[PDB]
Amino acid sequence: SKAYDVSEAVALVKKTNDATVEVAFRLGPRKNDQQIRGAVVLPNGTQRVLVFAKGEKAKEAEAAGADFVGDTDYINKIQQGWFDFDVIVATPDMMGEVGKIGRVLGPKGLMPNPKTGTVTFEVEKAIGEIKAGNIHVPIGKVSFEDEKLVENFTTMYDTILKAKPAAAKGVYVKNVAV
Amino acid sequence: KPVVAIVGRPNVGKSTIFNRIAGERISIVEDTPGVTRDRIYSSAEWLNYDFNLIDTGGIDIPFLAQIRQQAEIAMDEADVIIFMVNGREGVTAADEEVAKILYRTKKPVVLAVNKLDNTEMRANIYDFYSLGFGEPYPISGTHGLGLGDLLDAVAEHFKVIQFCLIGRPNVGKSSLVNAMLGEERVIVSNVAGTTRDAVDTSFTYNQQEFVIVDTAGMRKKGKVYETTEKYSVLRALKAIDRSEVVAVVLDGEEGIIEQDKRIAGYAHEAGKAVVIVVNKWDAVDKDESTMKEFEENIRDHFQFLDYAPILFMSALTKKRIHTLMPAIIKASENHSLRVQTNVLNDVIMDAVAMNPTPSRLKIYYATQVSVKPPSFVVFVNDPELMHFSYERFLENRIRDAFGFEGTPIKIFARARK
RNA sequence: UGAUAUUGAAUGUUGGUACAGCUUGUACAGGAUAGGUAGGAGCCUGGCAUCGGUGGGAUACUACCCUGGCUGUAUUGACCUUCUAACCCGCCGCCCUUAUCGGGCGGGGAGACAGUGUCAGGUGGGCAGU
Ligand SMILES: Nc1nc2c(ncn2[C@@H]2O[C@H](COP(=O)(O)OP(=O)(O)NP(=O)(O)O)[C@@H](O)[C@H]2O)c(=O)[nH]1
Ligand SMILES: Nc1nc2c(ncn2[C@@H]2O[C@H](COP(=O)(O)OP(=O)(O)NP(=O)(O)O)[C@@H](O)[C@H]2O)c(=O)[nH]1
Numbered sequence: 018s019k020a021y022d023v024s025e026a027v028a029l030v031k032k033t034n039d040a041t042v043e044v045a046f047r048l049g052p053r054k055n056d057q058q059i060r061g062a063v064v065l066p067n068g072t073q074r075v076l077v078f079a080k081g082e083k084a085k086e087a088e089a090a091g092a093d094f095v096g097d098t099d100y101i102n103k104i105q106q107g108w109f110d111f112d113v114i115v116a117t118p119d120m121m122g123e124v125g126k127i128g129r130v131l132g133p134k135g136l137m138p139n140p141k142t143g144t145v146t147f148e149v150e151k152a153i154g155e156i157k168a169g170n171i172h173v174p175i176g177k178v179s180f181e182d183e184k185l186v187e188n189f190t191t192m193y194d195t196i197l198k199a200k201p202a203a204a205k206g207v208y209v210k211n212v213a214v
Numbered sequence: 003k004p005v006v007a008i009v010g011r012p013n014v015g016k017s018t019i020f021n022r023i024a025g026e027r028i029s030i031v032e033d034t035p036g037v038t039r040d041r042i043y044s045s046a047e048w049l050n051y052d053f054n055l056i057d058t059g060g061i062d063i067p068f069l070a071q072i073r074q075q076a077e078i079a080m081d082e083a084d085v086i087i088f089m090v091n092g093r094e095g096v097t098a099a100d101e102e103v104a105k106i107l108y109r110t111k112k113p114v115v116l117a118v119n120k121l122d123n124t125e126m127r128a129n130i131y132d133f134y135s136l137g138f139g140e141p142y143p144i145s146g147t148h149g150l151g152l153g154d155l156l157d158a159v160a161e162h163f164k175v176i177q178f179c180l181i182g183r184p185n186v187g188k189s190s191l192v193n194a195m196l197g198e199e200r201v202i203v204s205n206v207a208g209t210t211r212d213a214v215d216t217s218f219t220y221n222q223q224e225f226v227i228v229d230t231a232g233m234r235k236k237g238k239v240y241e242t243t244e245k246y247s248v249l250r251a252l253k254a255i256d257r258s259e260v261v262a263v264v265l266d267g268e269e270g271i272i273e274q275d276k277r278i279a280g281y282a283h284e285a286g287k288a289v290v291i292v293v294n295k296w297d298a299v300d301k302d303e304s305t306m307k308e309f310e311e312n313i314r315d316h317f318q319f320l321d322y323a324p325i326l327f328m329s330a331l332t333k334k335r336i337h338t339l340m341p342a343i344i345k346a347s348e349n350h351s352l353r354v355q356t357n358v359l360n361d362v363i364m365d366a367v368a369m370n371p372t373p378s379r380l381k382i383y384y385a386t387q388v389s390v391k392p393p394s395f396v397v398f399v400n401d402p403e404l405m406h407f408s409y410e411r412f413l414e415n416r417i418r419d420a421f422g423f424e425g426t427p428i429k430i431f432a433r434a435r436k
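Protein sequences, first through last, are from chains Y and W.
Under the deposited numbering, read the first sequence as residues 18 to 34, 39 to 49, 52 to 68, 72 to 157, 168 to 214, first letter to last.
Under the deposited numbering, read the second sequence as residues 3 to 63, 67 to 164, 175 to 373, 378 to 436, first letter to last.
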């Protein structure tokens, strides 16, 4: 019945366990025009990112930490197989091709789309930062200390609010479930 | 024949694409409510010389349930359901709600993306793979881009008289038509203005085919200062030009309104057969000499049209509904009839002999020119001597010599030549 | 005909709105045809439990908002049936006063109605401008 505080719930989701502390947030479609879906680099923070870099952009992609780049087309290797691993990003030139030729990213949630900051010319800066109207966000672990998830939820809430959606009218906040 | 239907949330330019498929049928406006209330029918072809098109209204969560029912019904007959969605705004929750029905529909579905009017931002065809359907396509009604590929995508799955109906709003026209072909085809609502444009359907009656069109009613010109929603009245006026039999509908509960006489003027001035019809007898009393109360009153007020037969039927209780067509078929012949040149002339000087009061106007010849309506030309020494009182006199004699019931007549006058 | 103000009380019916607390959402498959939407750190209190599973969704339990319903809380509305205190009397008595004007003070009758000020159709050659 009682709404706890942020400084109490970080110390208490220690006790709700090495598990991962995640946050649900009910948003306030009618408002799809100014919907609230997104990604931001995190403060208090293993992935396997595979890139679709084209041209010279593969040359800076092999030194940042990526596992496999490609031979400029391995969607034929994606056809009839392809246990995908963690994250798929791309570049704004072969995205159209990979989109049409690739026919295995819709119900699997890895389709490159430049609304998320994942399809850009800065592939070296993109590898290094990734490593019904609702958003899910993993802010961290059980084993993090009490001062880590406070900045994590603060950064994510400031990101949500920084993004005060248009048609701001009416309540924006409905529920925080830590 | 193949059937193709278009569905989606409103304001996606579905009717715009439907129209540039062929001609310009559905009204195109920009607003959330201004969608086609019901389903329409048409024909199409791309190297197959055989296809049909169906357009419906937008689907969301006023009246929307009936539109949803119509959209569901259209999803049945359609072979491929072109599912068009906006491109500039990405995707929406209502888009997923629409996609739910298609997911539960076991028919091939082609996905199309509108609002792609130029080459560069045409490359925005992405993230629609999450919908679970095949390759999307670009289209723009403003410029007609990407039409060939979309029609090829539709093709890869490839396997009579007209009579109208008009009147002032809320007199049961839609109820009357859907209570006559036997099948829910057009919407019925308590508020005036339920229909938004012409609805066309074909059917066979007594081994004879027929075409019936609704016109959403007509209100006064002075007080029609709406927000371009009265642009549909132009569509209603168009149907009269393509129709050849006009049914005017009056309410029996309410008395004769001044606007009804004006509406009947448009049909008469168009040279079309008219059959005056009254509906909703369930309201007012049905008794002896209540037949003549409105039967006589109509004649007193509607003098300019006297040839029109008068029919009484109530669509709600379906009383004497089957008697409407017997009137229609009879009116069909009289609007297209010719009389012999010999006989017609022999009747003319009999009339002028008993009325030798035409210097004096001279009658020399008379004959017919057109079948519909029957035009006649009389050769006189001078058409200036012709008087509108005398011109009307000739019409009555002709209308009495033969039947010529339920159709207007026009008389032309030519000089001595 | 409709709103809105002039414009009140009582009980009876009585919805809507808002805030709450409990319930429903029928997926081939799937643990009873017992929801989407963030999932994966428990029994032995009669029973039997615990991975995981053709599954797009099983939870060896962490962990939000919806949709239709049920119970409270407040808001108001819609009404009926009453009453009375505005508002209305071309009803009676008394005084202004000698007065079928008018105004006061008493009874009676109607009473939240009618009447009045700002917003829709028809009506109807009602009367104008052409
Ligand atoms: N810029 C642009 N606007 C378009 C295009 N196609 C349609 N529109 C706009 O979209 C508006 C709505 O389209 P319309 O066909 O009337 O859609 P509708 O009547 O709501 N039918 P539905 O609800 O079934 O989609 C049009 O008035 C027009 O301004 C296009 O290719 N480009
Ligand atoms: N008493 C009575 N009511 C009727 C009859 N037919 C229809 N109604 C009712 O009166 C209204 C007329 O509906 P509708 O057919 O849409 O009339 P319309 O608006 O003139 N036609 P449209 O919808 O095409 O504009 C509806 O509320 C309907 O239920 C009838 O024969 N008798």
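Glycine included, C-beta positions come from ideal geometry on N, C-alpha and C.
Starting from the Cα of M126 of chain W, find the closest Cα among W:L107, W:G151, W:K111, W:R93 and give me that residue. Residue numbering aside, residue 126 of chain W sits at position 121 when the second sequence is read from its first letter. That would be W:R93, whose Cα lies nearest to the Cα of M126 of chain W.
Where do the ends of the alpha helix (DSSP H) carrying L197 of chain Y lie? Translated into positions along the first sequence, residue 197 of chain Y becomes position 161. Looking at the DSSP string, the run of the alpha helix (DSSP H) that includes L197 of chain Y is 182 to 198.
Short check: CB of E155 of chain Y to CB of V23 of chain Y, under 7 Å? Here residue 155 of chain Y refers to the residue found at position 129 of the first sequence. Here residue 23 of chain Y refers to the residue found at position 6 of the first sequence. In this structure, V23 of chain Y does not lie closer than 7 Å to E155 of chain Y by Cβ.
Are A40 of chain Y and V178 of chain Y close, meaning C-beta to C-beta below 7 Å? Taking the first sequence and counting its residues from 1, one reaches residue 40 of chain Y at position 19. Taking the first sequence and counting its residues from 1, one reaches residue 178 of chain Y at position 142. Yes; because the gap between Cβ atoms is below 7 Å, this pair is in contact.
Just to confirm, does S145 of chain W get its C-beta within under 6 Å of one of the non-hydrogen atoms of ligand 1? Walking along the second sequence from the start, residue 145 of chain W turns up at place 140. Yes, Cβ of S145 of chain W sits closer than 6 Å to a heavy atom of ligand 1.
Quick check: the Cα distance between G270 of chain W and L191 of chain W, rounded to an integer number of angstroms? As a position in the second sequence, residue 270 of chain W is number 255, starting the count at 1. As a position in the second sequence, residue 191 of chain W is number 176, starting the count at 1. Rounded to the nearest angstrom, the two C-alpha atoms are 19 Å apart.
Would you decide whether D40 of chain W is buried or exposed? Buried here means 16 or more other CB atoms lie within 10 Å of its CB. Within the second sequence, the letter at position 38 stands for residue 40 of chain W. Counting C-beta atoms within 10 angstroms of its own C-beta, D40 of chain W has 16 or more neighbours from the protein chains shown and is therefore classed as buried.
With 8 Å as the limit, tell me which residues of the region 122 to 134 of chain Y have their beta carbon closer than that to any beta carbon of chain W; keep them in chain order. Listed by position, the residues of the region 122 to 134 of chain Y near chain W (Cβ gap below 8 Å) are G122, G125, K126, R129, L131, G132, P133.
In chain order, what residues of the region 136 to 151 of chain W put their CB closer than 8 Å to some CB of chain Y? Result list: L136, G137, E140.
Looking at C-beta atoms only, is the number of pairs between the region 75 to 88 of chain Y and the region 108 to 125 of chain Y that lie closer than 8 Å three or more? Yes, the region 75 to 88 of chain Y touches the region 108 to 125 of chain Y.
At 3 residues or longer, and completely inside the region 286 to 364 of chain W: list those beta strand (DSSP E) runs for me, N to C. Counting only runs of 3 or more, we get 288 to 294, 325 to 327.
Would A98 of chain W count as contacting chain Y if we go by Cβ distances under 7 Å? As a position in the second sequence, residue 98 of chain W is number 93, starting the count at 1. Judged by the 7 Å Cβ criterion, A98 of chain W is in contact with chain Y.
Identity of the residues DSSP links to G182 of chain W by a beta bridge: Start at 1 with the first residue of the second sequence, and residue 182 of chain W comes out as number 167. According to DSSP, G182 of chain W shares a beta bridge with W:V264.
Contact with chain Y by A128 of chain W, beta-carbon distance below 7 Å: Your numbering for residue 128 of chain W matches position 123 in the second sequence. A128 of chain W has a beta carbon lying within less than 7 Å of a beta carbon in chain Y.
Segment limits, beta strand (DSSP E) that includes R47 of chain Y: Sequence index remark: in the first sequence, residue 47 of chain Y carries index 26 (1-based). Counting along the chain, the beta strand (DSSP E) containing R47 of chain Y begins and ends at 41 to 48.
Would you mind working out which of W:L196, W:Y246, W:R353, W:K245 sits nearest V228 of chain W, comparing C-alpha positions? The sequence position of residue 228 of chain W within the second sequence is 213, counting from 1. Among W:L196, W:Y246, W:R353, W:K245, the Cα nearest to that of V228 of chain W belongs to W:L196.
Whole-angstrom C-beta distance between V396 of chain W and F431 of chain W, which should lie under 8 Å: To locate residue 431 of chain W, count along the second sequence from 1; it is residue 412. To locate residue 396 of chain W, count along the second sequence from 1; it is residue 377. Sure, about 5 Å apart at Cβ, within 8 Å.
Would the region 73 to 88 of chain W and the region 6 to 15 of chain W be scored as touching if the rule is three or more Cβ pairs under 8 Å? Verdict: yes, contact present.
Per DSSP, what are the beta-bridge partners of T216 of chain W in this structure? Along the second sequence, read from residue 1 onward, the residue named residue 216 of chain W stands at position 201. Bridge partners of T216 of chain W: W:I227.
Classify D212 of chain W: buried if its beta carbon has 16 or more other beta carbons within 10 angstroms, exposed otherwise. Reading the second sequence from its first residue, position 197 is the one you call residue 212 of chain W. In this structure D212 of chain W is buried. Its beta-carbon is surrounded by 16 or more other beta-carbon atoms within 10 angstroms.
At 7 Å on the CB atoms, spell out the chain W contacts of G107 of chain Y, in chain order. Locating residue 107 of chain Y in the first sequence gives position 81, counting from the first residue. Chain-order list of chain W residues neighbouring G107 of chain Y: empty, with the shortest C-beta distance near 19 Å, by a criterion of under 7 Å.
Are the region 284 to 303 of chain W and the region 330 to 338 of chain W in contact at 8 Å, needing three or more beta carbon pairs? With a cut-off of 8 Å, the region 330 to 338 of chain W and the region 284 to 303 of chain W count as touching, because enough Cβ pairs lie within range.
For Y383 of chain W, report the span of its alpha helix (DSSP H) as first-last. Working through the second sequence from its first residue, we reach residue 383 of chain W at position 364. Per DSSP, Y383 of chain W is not a residue of any alpha helix (DSSP H); the beta strand (DSSP E) it occupies stretches across 382 to 387.
When the cut-off is 7 Å and only beta carbons count, does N211 of chain Y lie next to chain W? Counting from 1 along the first sequence, the entry for residue 211 of chain Y is found at position 175. By this cut-off, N211 of chain Y is not an interface position.
State the Cα-Cα distance for the pair residue 35 of chain Y and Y142 of chain W, rounded to the nearest angstrom. Between 34 and 39, chain Y has no modelled residues, and residue 35 of chain Y is one of the positions in that gap.
Less than 6 Å between the CB of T110 of chain W and some heavy atom of ligand 2, yes or no? Working through the second sequence from its first residue, we reach residue 110 of chain W at position 105. No, ligand 2 has no heavy atom inside 6 Å of this Cβ.
Is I30 of chain W near ligand 1 - that is, is its Cβ less than 6 Å away from at least one heavy atom of it? In the second sequence, the residue the question calls residue 30 of chain W occupies position 28. Yes; taking the cut-off as 6 Å, the Cβ of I30 of chain W has a heavy atom of ligand 1 nearer than that.
Please classify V149 of chain Y: does DSSP put it in a helix, a strand, or coil? Numbered from 1 along the first sequence, position 123 holds the residue referred to as residue 149 of chain Y. Looking at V149 of chain Y - three-state DSSP - the assignment turns out to be helix.
If I'm right that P392 of chain W touches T426 of chain W with Cβ under 8 Å, what's the distance once you round it to whole angstroms? In the second sequence, residue 392 of chain W corresponds to position 373, counting from 1. In the second sequence, residue 426 of chain W corresponds to position 407, counting from 1. About 6 Å separates the CB atoms of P392 of chain W and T426 of chain W; that is less than 8 Å, so the two are in contact.
Measuring only between beta-carbons, confirm whether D154 of chain W sits less than 7 Å from chain Y. Reading the second sequence from its first residue, position 149 is the one you call residue 154 of chain W. By this cut-off, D154 of chain W is not an interface position.
I need the boundaries of the alpha helix (DSSP H) containing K177 of chain Y, first residue and last residue. Locating residue 177 of chain Y in the first sequence gives position 141, counting from the first residue. Per DSSP, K177 of chain Y belongs to no alpha helix (DSSP H); it is in the beta strand (DSSP E), 170 to 177.
What residue from Y:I171, Y:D119, Y:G176 has the CA that sits closest to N67 of chain Y's CA? Along the first sequence, read from residue 1 onward, the residue named residue 67 of chain Y stands at position 44. Out of Y:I171, Y:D119, Y:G176, Y:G176 has the C-alpha closest to the C-alpha of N67 of chain Y.
DSSP on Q58 of chain Y, reduced to helix/strand/coil? By 1-based counting over the first sequence, the position of residue 58 of chain Y is 35. Three-state DSSP puts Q58 of chain Y in coil, outside helix and strand.
Are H350 of chain W and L320 of chain W close, meaning C-beta to C-beta below 7 Å? As a working mapping, residue 350 of chain W is identified with position 335 in the second sequence. As a working mapping, residue 320 of chain W is identified with position 305 in the second sequence. Cβ distance not < 7 Å, so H350 of chain W and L320 of chain W don't count as in contact.
Strictly under 7 Å for the Cβ-Cβ distance: is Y108 of chain W near chain Y by that measure? The residue given as residue 108 of chain W occupies position 103 in the second sequence. For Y108 of chain W, the answer is no, since every Cβ of chain Y falls outside 7 Å of its Cβ.
Going residue by residue through the region 95 to 158 of chain W, where are the continuous alpha helix (DSSP H) segments of at least 4 residues, counting only ones entirely within it? Those alpha helix (DSSP H) runs which fall completely within the region 95 to 158 of chain W and span 4+ residues are 98 to 108.
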